[PDB]
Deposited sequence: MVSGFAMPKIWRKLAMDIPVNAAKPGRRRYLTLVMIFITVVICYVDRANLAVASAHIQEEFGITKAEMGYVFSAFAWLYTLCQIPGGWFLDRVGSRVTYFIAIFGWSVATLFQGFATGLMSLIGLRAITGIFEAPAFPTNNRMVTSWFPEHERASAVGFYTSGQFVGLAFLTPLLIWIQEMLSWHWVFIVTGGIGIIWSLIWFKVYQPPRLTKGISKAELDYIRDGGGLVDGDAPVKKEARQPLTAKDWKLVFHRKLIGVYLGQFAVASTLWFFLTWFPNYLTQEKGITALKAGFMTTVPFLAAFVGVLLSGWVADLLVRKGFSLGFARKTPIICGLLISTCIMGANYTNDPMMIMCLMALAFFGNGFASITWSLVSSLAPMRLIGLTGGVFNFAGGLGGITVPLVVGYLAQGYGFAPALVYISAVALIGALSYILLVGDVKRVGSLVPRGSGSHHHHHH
């Protein structure tokens, strides 16, 4: 029982990763207040992380390949942890963009190293449950830590939100460097436990032209719907990781302290949507259903749900705002599961490429919505932004139910 402890350390790093994404949403109001930047300029601050994140992913694969999984993880954690620690001492605007950008650099190869690690640390049948553990759990981490930082932000200056988050990361990097090592090079493991992995699957030792014809295939009536769909899934997720705290603070005039305890229900609602979707996956086909309709239904329904974010601007009651926000985020988590489906639509050759472009579509949804909300909220308040997301969600839903009636193989 040493195989899981690794998964526990990966889960912690996924949380620390997403805290350093949402840690800014906490201090958005104060940073904006102190530095006196405009809503639209703040939109560029939120986005700074997303730009390089998507760009520094195909270079992240290179660095990873030629540097390894262990060491590459330490450089990343330490890299962005230092970059996050100094987000607390930033002054002006340009200082923040660079730190957010740098954070996006070292945090971009986060997942690829995970997939390369769970591969060698767990068999095949335990892999789907392994990734679902730390991706589903990430929202639990944001649910309990987001009210904490806000409470720290309301007790201590917003800087300490970044000093804490950054300092912790600097410490976890050092922990990772010692404890972690491939299953083969992991003392305390069990002789039979390792054989289970090796015989079961995974590389316990470790992991060891372009024609424009593909472009025409990669861009398919079925695959565009997948891209526009993921673009919409990422649009909503990055709103909750950025503008959602300040939304309640400014638009609805909720006290940051109450808005800090109102944000732990939506992040938990996401944790359920993810799991409840993975359960409807097995469940449907189990009752004699095709696989395409089995995975399409959670995605389409969840995005049609997301349309409920629009309803929040028609009420000023916390519980009703907190209920509607929790239902939309549930739809996002319930419709989040795509790539494994997208892997079964691209040709056997382009499974690797589709990922990069497929995520780019997602990462593209995270670059747009912060600028859109920042620009919209600057001039017309936060009301015209929630209709955009409900729209996008409706386009992503229409884009999935019309453009993907069946699967290509």
Compare the deposited sequence with the modelled residues and state the ranges that are missing C-alpha positions. 1-26, 235-242, 444-460
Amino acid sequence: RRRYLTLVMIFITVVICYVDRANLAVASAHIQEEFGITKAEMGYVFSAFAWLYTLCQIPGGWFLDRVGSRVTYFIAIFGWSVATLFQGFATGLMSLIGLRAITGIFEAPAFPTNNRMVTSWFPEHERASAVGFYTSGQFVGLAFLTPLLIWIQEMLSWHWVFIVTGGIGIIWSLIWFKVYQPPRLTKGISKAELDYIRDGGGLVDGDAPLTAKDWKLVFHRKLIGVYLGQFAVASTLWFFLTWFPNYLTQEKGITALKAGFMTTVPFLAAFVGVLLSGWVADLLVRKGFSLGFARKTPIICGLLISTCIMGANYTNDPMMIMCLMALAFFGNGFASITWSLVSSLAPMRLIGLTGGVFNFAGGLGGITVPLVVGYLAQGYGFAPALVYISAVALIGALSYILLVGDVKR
From here on, numbers count along this sequence of modelled residues.
So which stretch wins on mean C-alpha B-factor, 71-79 or 216-224? 216-224
Averaged over C-alpha atoms, is the B-factor higher for 343-351 or for 379-387 in this PDB entry? 343-351
Between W243, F231, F177, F293, which one tops the list for C-alpha B-factor in the PDB entry? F293
Select one of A281, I171, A328, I150: the residue whose C-alpha shows the highest B-factor in the crystal structure entry. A281
In terms of the chain's CA B-factor thirds, is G36 lowest, middle or highest? middle
Ranking the modelled residues of this chain by C-alpha B-factor as given in the entry, is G60 in the lowest, middle or highest third? middle
Considering only modelled residues of the same chain, in which third does the CA B-factor of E107 rank: lowest, middle or highest? middle
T338: which third of its chain by C-alpha temperature factor? middle
What third of the chain does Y196 rank in for C-alpha temperature factor, lowest, middle or highest? highest
